[PDB]
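Before any questions on binding or motion, here is one chain by itself as structure tokens, the form deposited in one PDB entry.
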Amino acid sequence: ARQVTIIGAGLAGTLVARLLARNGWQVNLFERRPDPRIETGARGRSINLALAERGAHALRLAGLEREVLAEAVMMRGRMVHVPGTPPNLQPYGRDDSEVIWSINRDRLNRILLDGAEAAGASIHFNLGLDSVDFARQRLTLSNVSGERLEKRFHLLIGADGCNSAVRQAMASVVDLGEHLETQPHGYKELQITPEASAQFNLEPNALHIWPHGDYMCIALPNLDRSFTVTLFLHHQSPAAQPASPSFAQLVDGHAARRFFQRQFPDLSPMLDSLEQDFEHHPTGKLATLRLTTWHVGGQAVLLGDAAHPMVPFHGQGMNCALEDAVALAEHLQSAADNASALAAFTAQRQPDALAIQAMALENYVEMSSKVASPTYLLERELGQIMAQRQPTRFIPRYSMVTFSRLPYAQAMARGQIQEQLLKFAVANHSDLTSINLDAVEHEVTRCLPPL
């Protein structure tokens, strides 16, 4: 049996461990954190994630989708909150076929861990990768208290997240051609209790957004009617606009409270533990990192956040990571040798990773705008007309990304064609009055092949 060592029992690492192990591979998976399935007296994390068709399908192939969805809340649409103005649900699709699932990150992780072990993978916790000797095919791990352990490896999979140690190690033997693009927003996780969300009649089967331009909040529901809220806000005010809100200004929980009372007055009443959450939950960092190479010969490869850190504004990092896991296991299973598999995997996934990284950056503007411009309303309306006329040709980009398995790069290409098509048709027309719809439709049939 072929042997593989995987670093990182997160989302991609644990899925790929299952897929390889059930195909007969001898799999050893190493994880820095303790086993989350071993219950302790400690809290438990309420981090939420949006699971979309890509990620769901990857779990489906692994035989885990039913188990995961049993513990997921359906989000049928977006609830946009603007002060006053009673929240209006914007449905994703026309029935519950087109939905996004809200799932607890650590619940998902436990299910994946069970899945990997059921398939035959051996999982080793409390062991973080420190370094790799590629020439001698050995690596060094250590626990939190630093005592070290060495292991031989044959094939190394870096599924160890956005600060990948495998990636760091590879940079010693190949030029990764890395370029880091920092992002000015930080994030803070906050909580709405089940009592609070019921009291304010917050819809459980929706994704909620409080847009506010340069900053915003989003909330995803949990099975117990609590919500996990994320604030996205600049780390610092520009020297340009020093007065503008930023984490630097929010010097403590009381400052955070005044900020929410002023800028999010309808959300603040729902955040009972705002002060405490704010001070005890560290501010997170966001970034996009792009790599020229993802592998070292047939010896090591990167997967998921290790390969392509992205900003979280499209809710697709997990989805992309699980999709990566399927692709990597597919290539490894059937290739002539590991070097061939890793090159083919990289060639396949790299253009799709670049596309979703770009689309995720673009999606911030869509989400954070408090109201839509007059002409963008007109384009969206013409687009829905075209979608009705040619539903296999005109598919809104968000829907291609979120509710289909179309490769990200094609979703982006078709999305580009569609937006341009809408702009020329919309120009100099105040409403759908002037716009000859059937002229636009064979413009659609011209440049958008049916799918």
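A residue's number is simply how far along the shown sequence it sits, counting from 1. Here the rigid core means the biggest group of C-alpha atoms that line up within 1.5 Å when the two forms are laid on top of each other.
A second form of this protein, the form deposited in another entry, is not displayed here; the remarks below concern that form.
Next on the checklist: For the core superposition between this form and the one not shown, please identify the residue among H124, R138, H254, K370 whose CA shift reaches 2 Å or more.
Outcome noted: Once the cores are aligned, the residue moving by 2 Å or more is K370.
Item to check | CA of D96, rigid core aligned, shift of 2 Å or more between this form and the one not shown | outcome: Yes, its C-alpha moves 2 Å or more.
Next on the checklist: Using the rigid core as the reference frame, would you say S334 shifts its C-alpha by 2 Å or more between this form and the one not shown?
Outcome noted: Moves: no, less than 2 Å.
Item to check | Flag for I385, CA shift 2 Å or larger between this form and the one not shown after aligning core | outcome: The answer is yes; the displacement is at least 2 Å.
Checklist entry - Once you compare with this form, do the C-alpha atoms of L180 and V365 lie closer or farther in the other entry, given a change of 3 Å or more? => result Closer: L180 and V365 approach by 3 Å or more in the other entry.
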